[PDB]
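Just below is one structure, and these are the notes that go with it.
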Amino acid sequence: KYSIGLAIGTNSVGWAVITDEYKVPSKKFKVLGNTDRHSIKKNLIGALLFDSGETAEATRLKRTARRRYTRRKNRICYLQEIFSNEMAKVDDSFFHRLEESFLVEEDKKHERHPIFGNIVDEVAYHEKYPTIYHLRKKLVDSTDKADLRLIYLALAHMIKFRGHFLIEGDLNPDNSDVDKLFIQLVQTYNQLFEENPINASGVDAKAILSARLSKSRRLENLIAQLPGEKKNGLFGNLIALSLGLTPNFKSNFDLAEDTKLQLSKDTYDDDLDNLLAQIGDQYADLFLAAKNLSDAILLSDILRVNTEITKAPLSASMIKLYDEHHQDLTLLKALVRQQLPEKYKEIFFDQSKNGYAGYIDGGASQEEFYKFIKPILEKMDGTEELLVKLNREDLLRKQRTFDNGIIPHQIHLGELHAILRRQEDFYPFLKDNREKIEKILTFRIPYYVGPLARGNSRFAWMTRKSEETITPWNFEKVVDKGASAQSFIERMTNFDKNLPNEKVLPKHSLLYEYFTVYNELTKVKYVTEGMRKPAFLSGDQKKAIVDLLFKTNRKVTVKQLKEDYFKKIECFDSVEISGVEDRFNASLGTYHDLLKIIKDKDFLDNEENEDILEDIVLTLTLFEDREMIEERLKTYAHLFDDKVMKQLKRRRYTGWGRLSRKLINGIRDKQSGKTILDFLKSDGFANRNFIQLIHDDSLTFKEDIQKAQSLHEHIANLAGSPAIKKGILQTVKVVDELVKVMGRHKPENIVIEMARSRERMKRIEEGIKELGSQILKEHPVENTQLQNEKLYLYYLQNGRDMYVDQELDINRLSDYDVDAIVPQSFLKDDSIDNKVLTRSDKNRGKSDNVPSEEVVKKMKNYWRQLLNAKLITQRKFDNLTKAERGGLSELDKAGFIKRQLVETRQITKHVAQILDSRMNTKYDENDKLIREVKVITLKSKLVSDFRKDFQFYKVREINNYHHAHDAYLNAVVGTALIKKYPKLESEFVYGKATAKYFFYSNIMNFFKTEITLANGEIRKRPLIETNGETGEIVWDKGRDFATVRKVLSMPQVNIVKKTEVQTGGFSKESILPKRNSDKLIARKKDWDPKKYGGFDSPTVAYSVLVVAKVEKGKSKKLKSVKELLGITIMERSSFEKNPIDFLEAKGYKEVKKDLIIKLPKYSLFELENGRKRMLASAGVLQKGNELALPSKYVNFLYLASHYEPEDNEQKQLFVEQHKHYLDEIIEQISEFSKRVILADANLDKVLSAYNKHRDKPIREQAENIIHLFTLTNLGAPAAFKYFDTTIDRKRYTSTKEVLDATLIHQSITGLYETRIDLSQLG
RNA sequence: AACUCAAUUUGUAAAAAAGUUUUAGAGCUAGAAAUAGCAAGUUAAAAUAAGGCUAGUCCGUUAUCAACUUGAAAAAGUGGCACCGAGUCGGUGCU
DNA sequence: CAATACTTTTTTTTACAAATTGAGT
DNA sequence: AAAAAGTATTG
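Under the authors' numbering, residues 4 to 712, 719 to 765, 777 to 1011, 1031 to 1243, 1249 to 1366 are what the first sequence spells out, in order.
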């Protein structure tokens, strides 16, 4: 008879076995291998360590980008294949040269100049066209014939870097002058508003709309020059459209629902046509001149510099940059020499220096270039004209930059389209493909169709209409984009928990909505004067109410039910209704939705079209792309008016239900034949409902449901971090093994415990914009300073107090307080979501609750604004104002303190279910569950407090035993608590308010001896705690506080580190230049790294013990070796397939194939004096020993560090009473390090530094000594400091020593071993 | 168990702009030579996990892994119990 | 050999679905 | 976003 405690985490799983005496047993264990010892003694406690589980994100993020690389590639293959035939007549080496452009002349198979094929014709090209964009403007403006190759260059360049698809629609070239397109709008506006014109006299539109300012600010600045017009006015909203915003036109026109417009969405066309069909085509000429403005503002929002009107504005802009870059560089050189010859070298030559040299040829960010060279131009004279060019980031611009991420594909297209429109007259195959080429640029695989696979992709759901190779041209005629677009969602959508072979309906199916109504209705009761007992509605009554009421009103009110039905129908003058209040919660909203559209109640009420409407709601719910919806609904084009169909593809539904069709109106009960909904429609006078129906054993619903229906697969399908799913998984195999260790005897209780900058910038940046506070200019900052909690809050609260309507001075934050909104006396939540910054934390009101109602009633409006700017959360807002909604009641304050001891978390409940399911597998006569084992769930408060309450302090930095100590105490506290209060097996095991408050507040008291309650009393519970009902003793406070104190002193604890073959990337991702080292890896087969460069630092999958021979010396004679060889992730599959051929290829002769031992990372070797080492790779090691530091030093270290009740003296005096423990600890460390660490060089720097600080206060040494365990911590040598004396790490950089050592194959608990002497090989 | 709202986490797809690496952008004068003085510099092609077979405008970095026997694989199978004590586990007795 | 010091890919957008928690009902 | 292995140069 025993029990198991488990402590579950991301990088650890602690475990312990205890007896009814709260003791941890020990056992002899058979030892395997070639060693002498065939047995060993171990304690049935321990832990398990492992590296964290990883999200499938980076893996995906790479993959997603591989497909982009494998498609931009084909965009060229498509383009080259076209030019191919007519290109041959000019140069049958051209495309072949572009391929081998990368190879060195010594390996090129054609002339070394790529574009033309001599050098005098090529050099002249680079002089006429210093940049590609020169060739772009030329191939557009000029009319003369052009060289076909020049053309492929300009075209592919636009295709290889096509720009983004965040804008929908065509952009018109001719739309270019802001100042004029604006004026033609005012004139167009004035045409309809002759009564109220707009005097745009002297309004610099080009200054206000094209400035490098926020879209909103440009609007506010533009309206500010129009005295009379409002921001959310029509013209206001119209400019808001031009600037790229999404305004609302409800108020301007007195409409019903909100009508929004965005010129970038695909809906603007149809969303405008829905508006003009509501205000009149008189305004069509308005929303167009507004668009032409957007098309001119986009450009000014794209070009860094302004320029002459052309047909290639982008390509012309960069020319104006190159020309300026050229212009301003000629100046600087000559400018610098004439005033700073002491530098010209370092600037224009030294690539190591972040000057103009390292700018171009080194790797100097545009930022790093300015940051360095700015004070120079400040020193000299005549540079001021260039300081401007710097501070707007227009000084020596490269053309291929990071800011070019804004360029939409439309800009590029208008140039690619132009070039074709020039040379198609000269080259006729162009005109034949002018569409075919532009399609390549504009084509883009929709997100909802997915990979263009053909059965070999587990990421694919696409359905092929044809069979042939998909191309950008036949995509519509080969891909059923639609049947695939529906698969896209149907994959992720859920199933019916009661019918796990049935998909669930959309949230707005008429069937679900009917089903809701009857389910609510079948529970209404009525009675009036003349009735013996309140009655139930019958089938005939319900069908009436749905017809007369629900299909006539969206919301059905009780007042309606009485005077519209019982009065006007059943002739009841008076009646009393039971089973519903105020109004019904249910509605047929989708029915009224359609009735307001198709305007034919006869068609809707007609039972024949039941299948149709659901498909309409499905199509509406299932898709999001208007083109994909109009396609799916044009099957009902012959059925509804075109005006209807138009207003039909504009309705949207979001949601997926929990229920299927086959459930409610599909399955039937056996002897009745009625469906569930049929039952809801009528059920004699039982009027049962859903929950009552799926359960009545009286009916054939229960059995047929419960007639429906791996391990690691079962866990990966849980919800939660993959890290915890790893720890959750390894938890079972531990329990499954420990059960075996205990002779297949299932335990009785299994206690478990589960452990609990850039982003901050935009958060504030956004919120401040919504409020227009110049606080940013008033107080600029940097995203690495927003870690200062207080400072982060000043900007969240926009510099004002959160409890008092007055401001805060940023300079005085140290004085200001950070108050818990809901106090940590109830739930702990040091998080921004439950904290504010106030000058005095006393202005919140009473400290025993939530901010007082006098605060809410004064600061609510400010808080509301903080929510409209997303500067607080609705949660935070909810708690800030709880007072006016009743505050935290004394009943509320009981759950907060109850939830400190009860695992509310779901993932934790799932583990308990899995364990309870694996243990309890026996069934009795009446088909009930036989519960051999009780699975207990605890929160980490129980033990974290238990330690502090009884001097069992934990210092994590000493070792990894403390994981195992926690799993122990969890078994202790968990079992003892169920023994004492067995009535709480409902809140802890799987299967007047102030009473609850003082109960859960004082539940763990029974361990304590002297109970001191804050209302002045001493109450001593006895020495032995016993159960009231059962006679079992549960806690002898004489023995069991030493039973535990001894267990935590045990020096042998099974610490096991999971042996893990390393997966992932091949090496470091950095591509390195050519150097002559055998360590570079070929980027491509035929790419000698010594010539082209390559990769470096490969990651090792595992190592192998390779006992073989090598050709030593000139005589090619064999010398026996016992080397340790590293298998890199890339080399892996090649090795496993045939290892002997793999090894001999490395110079390994006469390989003993039988002694190739696979050594994963963290493989464990033991050597002399019990020193243990772990493997990190073929030639690096890690420490493999734990320090069983005695307990008295632990608590002393804890207390001497935490020098922060009146029982603190006994604790605080003990410190200065046992100060000699210091030098004793330093000897505890040393005499250990000298034995298993072997950092003699570093150990000096510790003994030299501890001594040097002996004078320092007892606490300051207490702390900095905890740091010393870094020298002794299991794992990899890390760096650490003592006071301010850094101690860099000593690394074990040769694994040669473990080859004559002893290999330790550890079970998951480290109990079952297998010991291999690697000296007996060879 | 419902509903509403909001936040978090996980998982999939579609896109863009960088970055790096070789090559192409004839460097000129002087000096035997290293070295000096000048000139220039912004762009492009190509690769972007080696690569794989099932040959797709697809797949290639997540999850899972002690040893041994058995298996394609998933996975199954394999190691006695009590007491005393404790510096990483010893010692003792029993079948 | 041991000591020492340097390096290690990045940024942005669109679209969907599921739990899960936490506060209102 | 650091841990810590890979790499190189120096004692």
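For every residue, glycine included, the Cβ atom is placed at its ideal position computed from N, Cα and C.
Endpoints, the beta strand (DSSP E) within which residue i is located
{"i": "residue 731", "result": "Note, residue 731: premise wrong, no beta strand (DSSP E); alpha helix (DSSP H) at 731-750."}
{"i": "residue 1349", "result": "1346-1350"}
{"i": "residue 1247", "result": "Looking at the chain, the numbering goes 1243 and then 1249, which leaves residue 1247 without any coordinates in this model."}
{"i": "residue 502", "result": "502-506"}
{"i": "residue 1335", "result": "Careful: residue 1335 lies outside any beta strand (DSSP E) and carries neither H nor E."}
{"i": "residue 944", "result": "Per DSSP, residue 944 belongs to no beta strand (DSSP E) and is neither H nor E."}
{"i": "residue 839", "result": "837-840"}
{"i": "residue 1359", "result": "1357-1361"}
{"i": "residue 32", "result": "29-33"}
{"i": "residue 42", "result": "42-46"}
Own chain, CB closer than 6 Å to residue i, minus 5 neighbours either side, in chain order
{"i": "residue 1314", "result": "1322, 1324"}
{"i": "residue 560", "result": "586"}
{"i": "residue 511", "result": "593, 620, 656"}
{"i": "residue 2", "result": "Because the chain is modelled from 4 through 1366, residue 2 falls outside the range shown and cannot be assessed."}
{"i": "residue 812", "result": "806"}
Own chain, CB closer than 8 Å to residue i, minus 5 neighbours either side, in chain order
{"i": "residue 1102", "result": "1140, 1168"}
{"i": "residue 755", "result": "748, 939, 952, 953"}
{"i": "residue 1284", "result": "1278"}
In DSSP terms, what residue i is bridged to
{"i": "residue 557", "result": "Per DSSP, none; premise fails for residue 557."}
{"i": "residue 1221", "result": "1213"}
{"i": "residue 1059", "result": "1049"}
{"i": "residue 758", "result": "954"}
{"i": "residue 509", "result": "659"}
{"i": "residue 1142", "result": "1165, 1198"}
{"i": "residue 251", "result": "263"}
{"i": "residue 116", "result": "Partner(s): none; residue 116 has no beta bridge."}
The ligand NAP heavy atom lying under 7 Å from the CB of residue i
{"i": "residue 828", "result": "Of the ligands one can find in the structure shown there are none, so the ligand NAP has no counterpart to examine."}
The alpha helix (DSSP H) enclosing residue i, as first and last residue numbers
{"i": "residue 787", "result": "778-791"}
{"i": "residue 18", "result": "Premise fails: residue 18 lies in the beta strand (DSSP E), 15-22, not in any alpha helix (DSSP H)."}
{"i": "residue 530", "result": "No alpha helix (DSSP H) contains residue 530, which is instead part of the beta strand (DSSP E) from 528-530."}
{"i": "residue 883", "result": "873-888"}
Contact set for residue i: own chain, Cβ-Cβ below 7 Å, skip 5 residues either direction
{"i": "residue 180", "result": "299"}
{"i": "residue 125", "result": "116, 118, 119"}
C-beta contact flag for residue i and residue j at 8 Å
{"i": "residue 958", "j": "residue 993", "result": "yes"}
{"i": "residue 515", "j": "residue 416", "result": "no"}
{"i": "residue 1225", "j": "residue 979", "result": "yes"}
{"i": "residue 482", "j": "residue 468", "result": "yes"}
{"i": "residue 157", "j": "residue 82", "result": "no"}
{"i": "residue 898", "j": "residue 861", "result": "no"}
{"i": "residue 357", "j": "residue 1091", "result": "no"}
{"i": "residue 736", "j": "residue 20", "result": "no"}
{"i": "residue 744", "j": "residue 935", "result": "yes"}
{"i": "residue 51", "j": "residue 1095", "result": "yes"}
{"i": "residue 171", "j": "residue 245", "result": "no"}
In chain order, each alpha helix (DSSP H) run of at least 4 residues that lies wholly inside the region 261-306: Qualifying alpha helix (DSSP H) stretches, in chain order: 271-282, 289-303.
Contained alpha helix (DSSP H) runs [length at least 4] in the region 622-688, N- to C-terminal order: 629-636, 645-651, 664-668, 679-684
Ranges of the alpha helix (DSSP H) found wholly within the region 980-1007, counting only runs of at least 4: If we require 4 residues or more, the alpha helix (DSSP H) runs fully inside the region 980-1007 come out as 981-1000.
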